[PDB]
Amino acid sequence: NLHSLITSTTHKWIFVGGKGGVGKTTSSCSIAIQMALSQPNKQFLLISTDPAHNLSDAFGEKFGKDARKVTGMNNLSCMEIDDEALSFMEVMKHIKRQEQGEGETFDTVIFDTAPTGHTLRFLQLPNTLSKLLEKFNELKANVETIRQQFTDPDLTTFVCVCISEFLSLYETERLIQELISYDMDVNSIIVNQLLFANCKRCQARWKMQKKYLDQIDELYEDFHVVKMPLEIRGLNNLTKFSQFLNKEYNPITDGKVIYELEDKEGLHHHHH
Ligand code: NI
Ligand SMILES: [Zn+2]
C-alpha cells in the first residue's frame, strides 16, 4: 500500500501514469486527497495533462491553466492542460514559473500524466536535450541538474495503475521496462475494479480476477500492490475511496463501507 507516499515528506514529484481511464484520474485524486488529507497542511497541487479533463469532472469543479484549491481542502489546488515537447516544456514551466509567482513555493505536484501515452516523450525531453547542449546558458545548467533530479527517486517517483485484466498487465510490463530505460523511480502500483468475497454470479468474475492478481504478486516483489475495490464524482465519495488507498483496504471494512458507497450513486441485484 501507498502509505510511503501518503507520508513521504521528501517528494517534489509524483506521476500517476495509467493510460486507460482506469480511474487513473481517480488514483491521482485519492493520492493527492489522501496525502494532503494526511499531511494536514502543506498544500500539494494536482495537475493532469489528461486531454479528457476527467479531473475537473472528478472533483466536481472546472479547472484549467490555473490553480484553485478545492472546497473543503485547506491545502490542495488542481490544474489541467492538453511540438509535443513544446506542449510539455513550455507549459511544464508554465506551472513551475506560474507558482513561483502566485505567492511562494508550493510543496509538490501529483502529476496525473496524459492517458495519451504521449507523456512518454513528455518524460525524455531533457535527457536527449542536455545532449544537444553538451556538444553544440542558464537553463542549460538547469537541465543537467533537473534531469539528474528527476532521475533521483527521493524526489521523482512514478506510480502505475491497473485492472486485473491481463492486457493492461502486459502494457504495464512493457511500460515499466521503458521507465527503467529512463532510470526513474517506480516501485509502486495500484489496481482497480476489484470485487471480493448471489453476487457470486459476479464473484465468478473475481475468480479469474484473483488469479491475475497473483501473476502480479510473483512478477513484482519490489513493488507495493494496492488492491483497490471499485467512477465516482463527489469529493467525499472520492475522499473515502482514498482512505482505502492509504490504509490497506479490508473485506470486512471494504464490505460494509463500499456497500454504502455504491448505494450512494444509485447502483434485487442484476448485471446485464
Ligand atoms: Ni440495469
Ligand atoms: Zn452479480
# chains A, B, ... in the order shown; residues from 1 in each chain; ligands from 1
>>> residues_around(residues="residue A:83", least_positions_apart="3", cutoff="12 Å", atoms="only C-alpha atoms", output="JSON list (two decimals) with N, CA, C and O atoms, in the first residue's frame")
[["chain", "number", "residue", "atom", "x", "y", "z"],
["A", 86, "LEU", "N", 7.10, 21.12, -27.04],
["A", 86, "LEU", "CA", 6.52, 22.44, -26.82],
["A", 86, "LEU", "C", 5.45, 22.36, -25.74],
["A", 86, "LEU", "O", 5.57, 23.00, -24.69],
["A", 87, "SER", "N", 4.43, 21.55, -26.00],
["A", 87, "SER", "CA", 3.34, 21.36, -25.06],
["A", 87, "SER", "C", 3.93, 21.18, -23.67],
["A", 87, "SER", "O", 3.65, 21.95, -22.75],
["A", 88, "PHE", "N", 4.79, 20.17, -23.53],
["A", 88, "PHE", "CA", 5.41, 19.88, -22.24],
["A", 88, "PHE", "C", 6.23, 21.05, -21.70],
["A", 88, "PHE", "O", 5.74, 21.85, -20.91],
["A", 89, "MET", "N", 7.48, 21.14, -22.15],
["A", 89, "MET", "CA", 8.44, 22.07, -21.57],
["A", 89, "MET", "C", 7.88, 23.45, -21.29],
["A", 89, "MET", "O", 7.93, 23.93, -20.16],
["A", 90, "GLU", "N", 7.35, 24.11, -22.32],
["A", 90, "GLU", "CA", 6.87, 25.47, -22.14],
["A", 90, "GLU", "C", 5.78, 25.49, -21.07],
["A", 90, "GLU", "O", 5.90, 26.20, -20.07],
["A", 91, "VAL", "N", 4.73, 24.70, -21.28],
["A", 91, "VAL", "CA", 3.59, 24.70, -20.37],
["A", 91, "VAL", "C", 3.94, 23.96, -19.07],
["A", 91, "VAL", "O", 3.28, 24.11, -18.04],
["A", 118, "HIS", "N", 1.34, 9.83, -24.76],
["A", 118, "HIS", "CA", 2.24, 10.82, -25.32],
["A", 118, "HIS", "C", 3.15, 11.35, -24.22],
["A", 118, "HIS", "O", 4.17, 11.98, -24.49],
["A", 121, "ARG", "N", 7.15, 10.76, -24.20],
["A", 121, "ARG", "CA", 8.06, 11.77, -24.74],
["A", 121, "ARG", "C", 8.14, 12.96, -23.79],
["A", 121, "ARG", "O", 9.21, 13.56, -23.61],
["A", 122, "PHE", "N", 7.01, 13.29, -23.18],
["A", 122, "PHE", "CA", 6.94, 14.32, -22.15],
["A", 122, "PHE", "C", 7.94, 14.01, -21.04],
["A", 122, "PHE", "O", 8.23, 14.86, -20.20],
["A", 125, "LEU", "N", 12.22, 14.41, -22.87],
["A", 125, "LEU", "CA", 12.62, 15.69, -23.43],
["A", 125, "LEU", "C", 14.04, 16.10, -23.00],
["A", 125, "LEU", "O", 14.93, 16.23, -23.84]]
>>> residues_around(residues="residue A:211", least_positions_apart="6", cutoff="10 Å", atoms="only C-alpha atoms", output="PyMOL selection string")
chain A and resi 164-165+217
>>> write_last_selection(atoms="N, CA, C and O atoms", output="mmCIF file, in the first residue's frame")
data_model
loop_
_atom_site.group_PDB
_atom_site.id
_atom_site.type_symbol
_atom_site.label_atom_id
_atom_site.label_comp_id
_atom_site.auth_asym_id
_atom_site.auth_seq_id
_atom_site.Cartn_x
_atom_site.Cartn_y
_atom_site.Cartn_z
ATOM 1 N N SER A 164 -7.230 -5.842 -12.983
ATOM 2 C CA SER A 164 -6.789 -7.225 -13.032
ATOM 3 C C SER A 164 -6.477 -7.670 -14.463
ATOM 4 O O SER A 164 -5.433 -8.262 -14.715
ATOM 5 N N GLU A 165 -7.377 -7.359 -15.396
ATOM 6 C CA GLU A 165 -7.280 -7.818 -16.789
ATOM 7 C C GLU A 165 -5.852 -7.926 -17.330
ATOM 8 O O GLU A 165 -5.044 -7.004 -17.190
ATOM 9 N N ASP A 217 1.734 -10.429 -8.221
ATOM 10 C CA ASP A 217 2.427 -10.635 -6.954
ATOM 11 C C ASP A 217 3.796 -11.236 -7.224
ATOM 12 O O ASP A 217 4.824 -10.630 -6.920
#
>>> residues_around(residues="residue A:14", least_positions_apart="2", cutoff="8 Å", atoms="only C-alpha atoms", output="count of residues only")
11
>>> closest_atom_pairs(of="chain A", to="ligand 1", cutoff="9 Å", atoms="only C-alpha atoms and all ligand atoms", output="CSV")
residue,atom,partner,partner_atom_place_in_ligand_line,distance
A:267,CA,ligand 1,1 (Ni),8.6
A:269,CA,ligand 1,1 (Ni),8.8
A:270,CA,ligand 1,1 (Ni),6.5
A:271,CA,ligand 1,1 (Ni),6.5
A:272,CA,ligand 1,1 (Ni),6.4
>>> atom_distance(atom1="atom CA of residue A:104", atom2="atom CA of residue A:73")
18.5 Å
>>> residues_near_ligand(ligand="ligand 2", cutoff="12 Å", atoms="only C-alpha atoms and all ligand atoms", output="PyMOL selection string")
chain A and resi 195-206+268-272
>>> select_by_dssp(residues="stretch 9-169 of chain A", states="strand (DSSP E or B)", output="PyMOL selection string")
chain A and resi 13-17+44-48+76-80+109-112+156-163
>>> residues_around(residues="residue A:124", least_positions_apart="3", cutoff="10 Å", atoms="only C-alpha atoms", output="list in words")
residues 85, 119, 120, 121, 127, 128, 129, 147, 179, 181 and 182 of chain A
>>> closest_residue(among="A:264, A:135, A:227, A:240", to="residue A:2", atoms="only C-alpha atoms")
A:227
>>> closest_residue(among="A:212, A:250, A:43, A:187", to="residue A:4", atoms="only C-alpha atoms")
A:187
>>> closest_residue(among="A:151, A:168, A:209, A:39", to="residue A:193", atoms="only C-alpha atoms")
A:209
>>> closest_residue(among="A:256, A:42, A:65, A:210", to="residue A:82", atoms="only C-alpha atoms")
A:65
>>> closest_residue(among="A:61, A:171, A:66, A:265", to="residue A:231", atoms="only C-alpha atoms")
A:265
>>> atom_distance(atom1="atom CA of residue A:230", atom2="atom CA of residue A:190")
12.1 Å
>>> residues_around(residues="residue A:244", least_positions_apart="4", cutoff="10 Å", atoms="only C-alpha atoms", output="ChimeraX atom specification")
/A:1-2,30,34,226-229,239-240,248-250,253-254
>>> write_last_selection(atoms="N, CA and C atoms", output="PDB file, in the first residue's frame")
ATOM      1  N   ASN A   1       0.801  -1.223   0.000  1.00  0.00           N
ATOM      2  CA  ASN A   1       0.000   0.000   0.000  1.00  0.00           C
ATOM      3  C   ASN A   1       0.839   1.281   0.000  1.00  0.00           C
ATOM      4  N   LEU A   2       0.182   2.414  -0.250  1.00  0.00           N
ATOM      5  CA  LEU A   2       0.885   3.653  -0.571  1.00  0.00           C
ATOM      6  C   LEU A   2       1.000   4.654   0.575  1.00  0.00           C
ATOM      7  N   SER A  30      -7.200  10.424  -5.296  1.00  0.00           N
ATOM      8  CA  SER A  30      -7.081   9.802  -3.983  1.00  0.00           C
ATOM      9  C   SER A  30      -5.706   9.946  -3.345  1.00  0.00           C
ATOM     10  N   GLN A  34      -5.515  12.099  -0.280  1.00  0.00           N
ATOM     11  CA  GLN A  34      -5.090  11.336   0.896  1.00  0.00           C
ATOM     12  C   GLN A  34      -3.808  11.911   1.494  1.00  0.00           C
ATOM     13  N   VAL A 226      -1.398  -2.423  -4.480  1.00  0.00           N
ATOM     14  CA  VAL A 226      -2.566  -1.880  -3.822  1.00  0.00           C
ATOM     15  C   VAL A 226      -3.798  -2.501  -4.454  1.00  0.00           C
ATOM     16  N   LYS A 227      -4.480  -3.364  -3.712  1.00  0.00           N
ATOM     17  CA  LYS A 227      -5.725  -3.915  -4.217  1.00  0.00           C
ATOM     18  C   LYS A 227      -6.820  -2.907  -3.891  1.00  0.00           C
ATOM     19  N   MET A 228      -7.405  -2.302  -4.921  1.00  0.00           N
ATOM     20  CA  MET A 228      -8.477  -1.337  -4.705  1.00  0.00           C
ATOM     21  C   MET A 228      -9.810  -1.861  -5.216  1.00  0.00           C
ATOM     22  N   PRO A 229     -10.863  -1.751  -4.398  1.00  0.00           N
ATOM     23  CA  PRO A 229     -12.185  -2.174  -4.862  1.00  0.00           C
ATOM     24  C   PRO A 229     -12.608  -1.332  -6.063  1.00  0.00           C
ATOM     25  N   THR A 239     -12.978  11.035  -1.426  1.00  0.00           N
ATOM     26  CA  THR A 239     -12.128  11.051  -0.230  1.00  0.00           C
ATOM     27  C   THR A 239     -12.155   9.733   0.539  1.00  0.00           C
ATOM     28  N   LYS A 240     -13.332   9.125   0.612  1.00  0.00           N
ATOM     29  CA  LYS A 240     -13.479   7.834   1.264  1.00  0.00           C
ATOM     30  C   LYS A 240     -12.746   6.733   0.508  1.00  0.00           C
ATOM     31  N   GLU A 248      -4.465  -0.033   4.122  1.00  0.00           N
ATOM     32  CA  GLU A 248      -4.751  -1.317   3.495  1.00  0.00           C
ATOM     33  C   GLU A 248      -6.231  -1.683   3.598  1.00  0.00           C
ATOM     34  N   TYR A 249      -6.940  -1.632   2.476  1.00  0.00           N
ATOM     35  CA  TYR A 249      -8.358  -1.972   2.453  1.00  0.00           C
ATOM     36  C   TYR A 249      -8.549  -3.317   3.143  1.00  0.00           C
ATOM     37  N   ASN A 250      -9.765  -3.603   3.600  1.00  0.00           N
ATOM     38  CA  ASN A 250     -10.046  -4.899   4.228  1.00  0.00           C
ATOM     39  C   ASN A 250     -11.500  -5.333   4.104  1.00  0.00           C
ATOM     40  N   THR A 253     -14.222  -4.338   6.463  1.00  0.00           N
ATOM     41  CA  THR A 253     -14.471  -2.917   6.245  1.00  0.00           C
ATOM     42  C   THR A 253     -15.006  -2.718   4.844  1.00  0.00           C
ATOM     43  N   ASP A 254     -14.094  -2.802   3.879  1.00  0.00           N
ATOM     44  CA  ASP A 254     -14.425  -2.765   2.460  1.00  0.00           C
ATOM     45  C   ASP A 254     -15.898  -3.097   2.293  1.00  0.00           C
TER      46      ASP A 254
END
>>> select_by_dssp(residues="stretch 41-180 of chain A", states="helix (DSSP H, G or I)", output="compact mmCIF listing (two decimals) with N, CA, C and O atoms, in the first residue's frame")
# COMPACT_ATOMS: atom_id res chain seq x y z
N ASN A 54 -10.92 14.64 -17.12
CA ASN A 54 -11.76 13.89 -16.21
C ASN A 54 -11.57 14.40 -14.79
O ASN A 54 -12.41 14.18 -13.92
N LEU A 55 -10.45 15.08 -14.57
CA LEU A 55 -10.08 15.53 -13.23
C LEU A 55 -11.04 16.58 -12.70
O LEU A 55 -11.54 16.47 -11.58
N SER A 56 -11.28 17.61 -13.51
CA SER A 56 -12.24 18.63 -13.14
C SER A 56 -13.55 17.91 -12.90
O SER A 56 -14.22 18.09 -11.88
N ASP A 57 -13.89 17.06 -13.87
CA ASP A 57 -15.06 16.21 -13.80
C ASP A 57 -15.05 15.44 -12.48
O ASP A 57 -16.10 15.18 -11.89
N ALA A 58 -13.85 15.11 -12.02
CA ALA A 58 -13.66 14.24 -10.86
C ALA A 58 -14.05 14.90 -9.55
O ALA A 58 -14.84 14.36 -8.78
N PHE A 59 -13.49 16.08 -9.29
CA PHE A 59 -13.72 16.77 -8.02
C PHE A 59 -15.06 17.48 -7.96
O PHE A 59 -15.53 17.84 -6.88
N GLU A 84 5.24 18.44 -29.54
CA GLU A 84 4.82 17.77 -28.31
C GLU A 84 5.68 18.25 -27.16
O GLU A 84 5.18 18.55 -26.07
N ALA A 85 6.99 18.34 -27.40
CA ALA A 85 7.91 18.91 -26.44
C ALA A 85 7.43 20.31 -26.04
O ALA A 85 7.35 20.63 -24.85
N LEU A 86 7.10 21.12 -27.04
CA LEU A 86 6.52 22.44 -26.82
C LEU A 86 5.45 22.36 -25.74
O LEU A 86 5.57 23.00 -24.69
N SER A 87 4.43 21.55 -26.00
CA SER A 87 3.34 21.36 -25.06
C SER A 87 3.93 21.18 -23.67
O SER A 87 3.65 21.95 -22.75
N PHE A 88 4.79 20.17 -23.53
CA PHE A 88 5.41 19.88 -22.24
C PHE A 88 6.23 21.05 -21.70
O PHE A 88 5.74 21.85 -20.91
N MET A 89 7.48 21.14 -22.15
CA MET A 89 8.44 22.07 -21.57
C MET A 89 7.88 23.45 -21.29
O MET A 89 7.93 23.93 -20.16
N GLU A 90 7.35 24.11 -22.32
CA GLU A 90 6.87 25.47 -22.14
C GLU A 90 5.78 25.49 -21.07
O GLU A 90 5.90 26.20 -20.07
N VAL A 91 4.73 24.70 -21.28
CA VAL A 91 3.59 24.70 -20.37
C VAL A 91 3.94 23.96 -19.07
O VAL A 91 3.28 24.11 -18.04
N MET A 92 5.00 23.16 -19.13
CA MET A 92 5.52 22.49 -17.96
C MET A 92 6.11 23.52 -17.01
O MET A 92 5.84 23.51 -15.81
N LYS A 93 6.94 24.42 -17.55
CA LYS A 93 7.46 25.50 -16.73
C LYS A 93 6.41 26.60 -16.58
O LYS A 93 6.58 27.52 -15.78
N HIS A 94 5.33 26.50 -17.34
CA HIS A 94 4.17 27.36 -17.12
C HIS A 94 3.72 27.16 -15.68
O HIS A 94 3.55 28.13 -14.94
N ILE A 95 3.54 25.91 -15.29
CA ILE A 95 3.12 25.60 -13.94
C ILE A 95 4.24 25.90 -12.94
O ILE A 95 3.99 26.41 -11.84
N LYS A 96 5.48 25.58 -13.33
CA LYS A 96 6.64 25.82 -12.47
C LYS A 96 6.78 27.31 -12.16
O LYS A 96 6.61 27.74 -11.01
N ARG A 97 7.09 28.10 -13.18
CA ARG A 97 7.22 29.54 -13.03
C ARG A 97 5.89 30.17 -12.58
O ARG A 97 5.89 31.20 -11.89
N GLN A 98 4.78 29.55 -12.95
CA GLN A 98 3.45 30.03 -12.56
C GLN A 98 3.28 30.11 -11.04
O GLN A 98 2.68 31.07 -10.53
N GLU A 99 3.77 29.10 -10.33
CA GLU A 99 3.66 29.08 -8.87
C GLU A 99 4.82 29.74 -8.12
O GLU A 99 4.71 30.04 -6.93
N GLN A 100 5.93 29.97 -8.81
CA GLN A 100 6.99 30.81 -8.26
C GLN A 100 6.44 32.21 -8.01
O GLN A 100 6.80 32.87 -7.04
N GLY A 101 5.56 32.65 -8.91
CA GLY A 101 4.96 33.97 -8.83
C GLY A 101 3.72 34.08 -7.96
O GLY A 101 3.60 35.01 -7.18
N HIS A 118 1.34 9.83 -24.76
CA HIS A 118 2.24 10.82 -25.32
C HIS A 118 3.15 11.35 -24.22
O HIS A 118 4.17 11.98 -24.49
N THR A 119 2.76 11.07 -22.99
CA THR A 119 3.52 11.51 -21.83
C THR A 119 4.88 10.82 -21.75
O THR A 119 5.72 11.21 -20.94
N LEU A 120 5.08 9.80 -22.57
CA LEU A 120 6.36 9.10 -22.62
C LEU A 120 7.45 10.05 -23.12
O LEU A 120 8.53 10.15 -22.53
N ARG A 121 7.15 10.76 -24.20
CA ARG A 121 8.06 11.77 -24.74
C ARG A 121 8.14 12.96 -23.79
O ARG A 121 9.21 13.56 -23.61
N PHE A 122 7.01 13.29 -23.18
CA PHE A 122 6.94 14.32 -22.15
C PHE A 122 7.94 14.01 -21.04
O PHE A 122 8.23 14.86 -20.20
N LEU A 123 8.45 12.78 -21.04
CA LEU A 123 9.32 12.30 -19.96
C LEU A 123 10.77 12.02 -20.36
O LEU A 123 11.56 11.59 -19.53
N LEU A 125 12.22 14.41 -22.87
CA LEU A 125 12.62 15.69 -23.43
C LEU A 125 14.04 16.10 -23.00
O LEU A 125 14.93 16.23 -23.84
N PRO A 126 14.26 16.27 -21.68
CA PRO A 126 15.51 16.83 -21.13
C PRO A 126 16.74 15.93 -21.30
O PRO A 126 17.85 16.45 -21.44
N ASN A 127 16.54 14.62 -21.28
CA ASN A 127 17.63 13.67 -21.43
C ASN A 127 18.40 13.97 -22.71
O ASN A 127 19.56 14.42 -22.67
N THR A 128 17.74 13.74 -23.84
CA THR A 128 18.35 13.97 -25.14
C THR A 128 18.62 15.46 -25.39
O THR A 128 19.48 15.82 -26.21
N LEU A 129 17.91 16.32 -24.67
CA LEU A 129 18.07 17.77 -24.82
C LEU A 129 19.42 18.25 -24.26
O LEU A 129 20.12 19.04 -24.91
N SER A 130 19.78 17.77 -23.07
CA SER A 130 21.06 18.13 -22.46
C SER A 130 22.21 17.66 -23.34
O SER A 130 23.33 18.18 -23.24
N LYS A 131 21.93 16.68 -24.19
CA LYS A 131 22.91 16.21 -25.17
C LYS A 131 23.24 17.30 -26.20
O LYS A 131 24.41 17.66 -26.38
N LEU A 132 22.22 17.81 -26.88
CA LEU A 132 22.39 18.88 -27.87
C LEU A 132 23.35 19.94 -27.33
O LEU A 132 24.29 20.36 -28.01
N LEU A 133 23.09 20.37 -26.10
CA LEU A 133 23.83 21.46 -25.48
C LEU A 133 25.30 21.11 -25.21
O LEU A 133 26.19 21.92 -25.46
N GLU A 134 25.53 19.90 -24.70
CA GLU A 134 26.89 19.49 -24.32
C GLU A 134 27.82 19.22 -25.51
O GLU A 134 28.98 18.84 -25.33
N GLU A 138 21.70 29.63 -18.80
CA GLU A 138 21.05 29.46 -17.50
C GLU A 138 20.37 28.10 -17.40
O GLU A 138 20.75 27.25 -16.59
N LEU A 139 19.35 27.91 -18.24
CA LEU A 139 18.56 26.69 -18.20
C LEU A 139 19.38 25.47 -18.62
O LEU A 139 18.99 24.33 -18.36
N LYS A 140 20.53 25.71 -19.25
CA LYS A 140 21.44 24.63 -19.63
C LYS A 140 21.98 23.91 -18.40
O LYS A 140 21.96 22.68 -18.32
N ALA A 141 22.47 24.68 -17.43
CA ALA A 141 22.88 24.10 -16.16
C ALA A 141 21.67 23.46 -15.47
O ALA A 141 21.78 22.42 -14.82
N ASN A 142 20.51 24.10 -15.63
CA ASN A 142 19.27 23.62 -15.03
C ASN A 142 18.85 22.23 -15.50
O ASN A 142 18.38 21.41 -14.71
N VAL A 143 19.02 21.96 -16.80
CA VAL A 143 18.60 20.68 -17.36
C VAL A 143 19.49 19.54 -16.89
O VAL A 143 18.99 18.50 -16.45
N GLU A 144 20.80 19.72 -16.97
CA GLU A 144 21.71 18.70 -16.48
C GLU A 144 21.35 18.36 -15.03
O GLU A 144 21.28 17.19 -14.65
N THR A 145 21.09 19.40 -14.23
CA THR A 145 20.70 19.19 -12.84
C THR A 145 19.33 18.53 -12.70
O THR A 145 19.23 17.43 -12.15
N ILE A 146 18.28 19.18 -13.20
CA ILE A 146 16.92 18.66 -13.04
C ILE A 146 16.73 17.30 -13.69
O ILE A 146 15.89 16.51 -13.26
N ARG A 147 17.51 17.02 -14.73
CA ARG A 147 17.46 15.71 -15.39
C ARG A 147 17.94 14.63 -14.43
O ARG A 147 17.34 13.56 -14.32
N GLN A 148 19.05 14.92 -13.75
CA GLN A 148 19.54 14.07 -12.67
C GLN A 148 18.60 14.15 -11.47
O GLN A 148 18.53 13.22 -10.66
N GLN A 149 17.89 15.26 -11.36
CA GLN A 149 16.97 15.49 -10.25
C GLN A 149 15.64 14.76 -10.44
O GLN A 149 14.95 14.44 -9.47
N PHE A 150 15.28 14.48 -11.70
CA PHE A 150 14.13 13.64 -11.99
C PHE A 150 14.52 12.18 -11.87
O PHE A 150 13.72 11.34 -11.46
N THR A 151 15.76 11.88 -12.23
CA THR A 151 16.32 10.56 -12.02
C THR A 151 16.27 10.20 -10.53
O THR A 151 15.92 9.08 -10.16
N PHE A 166 -5.56 -9.05 -17.97
CA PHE A 166 -4.21 -9.35 -18.45
C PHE A 166 -3.60 -8.29 -19.36
O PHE A 166 -2.41 -8.01 -19.27
N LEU A 167 -4.40 -7.76 -20.27
CA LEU A 167 -3.86 -6.88 -21.29
C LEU A 167 -3.16 -5.66 -20.68
O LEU A 167 -2.00 -5.38 -21.01
N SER A 168 -3.85 -4.95 -19.79
CA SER A 168 -3.20 -3.87 -19.06
C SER A 168 -1.88 -4.43 -18.58
O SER A 168 -0.82 -3.95 -18.97
N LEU A 169 -1.96 -5.48 -17.76
CA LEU A 169 -0.79 -6.12 -17.18
C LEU A 169 0.42 -6.15 -18.11
O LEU A 169 1.53 -5.80 -17.71
N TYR A 170 0.20 -6.56 -19.35
CA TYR A 170 1.28 -6.62 -20.33
C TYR A 170 1.78 -5.23 -20.70
O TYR A 170 2.99 -5.01 -20.81
N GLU A 171 0.85 -4.31 -20.92
CA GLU A 171 1.21 -2.93 -21.22
C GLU A 171 1.97 -2.31 -20.06
O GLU A 171 2.82 -1.45 -20.26
N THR A 172 1.66 -2.75 -18.85
CA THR A 172 2.41 -2.36 -17.66
C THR A 172 3.80 -3.00 -17.65
O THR A 172 4.77 -2.34 -17.28
N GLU A 173 3.91 -4.26 -18.07
CA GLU A 173 5.22 -4.88 -18.21
C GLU A 173 6.10 -4.04 -19.12
O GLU A 173 7.15 -3.54 -18.71
N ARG A 174 5.65 -3.89 -20.36
CA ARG A 174 6.37 -3.13 -21.37
C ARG A 174 6.60 -1.70 -20.90
O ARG A 174 7.67 -1.12 -21.13
N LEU A 175 5.61 -1.14 -20.21
CA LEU A 175 5.68 0.24 -19.70
C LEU A 175 6.84 0.44 -18.72
O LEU A 175 7.73 1.26 -18.97
N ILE A 176 6.81 -0.29 -17.61
CA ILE A 176 7.87 -0.19 -16.63
C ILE A 176 9.22 -0.37 -17.31
O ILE A 176 10.12 0.44 -17.11
N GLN A 177 9.36 -1.43 -18.11
CA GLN A 177 10.63 -1.72 -18.79
C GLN A 177 11.15 -0.49 -19.55
O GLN A 177 12.37 -0.28 -19.64
N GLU A 178 10.24 0.31 -20.07
CA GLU A 178 10.61 1.56 -20.71
C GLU A 178 11.00 2.60 -19.66
O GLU A 178 11.96 3.36 -19.85
N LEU A 179 10.26 2.63 -18.56
CA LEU A 179 10.52 3.57 -17.47
C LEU A 179 11.94 3.45 -16.91
O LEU A 179 12.56 4.45 -16.55
N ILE A 180 12.44 2.22 -16.83
CA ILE A 180 13.77 1.99 -16.31
C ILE A 180 14.84 2.40 -17.32
O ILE A 180 15.96 2.74 -16.94
>>> residues_around(residues="residue A:22", least_positions_apart="3", cutoff="8 Å", atoms="only C-alpha atoms", output="MDAnalysis selection string")
chainID A and resid 18:19 25 161:163 192
>>> closest_residue(among="A:188, A:7, A:71, A:48", to="residue A:35", atoms="only C-alpha atoms")
A:7
>>> atom_distance(atom1="atom CA of residue A:222", atom2="atom CA of residue A:194")
21.9 Å
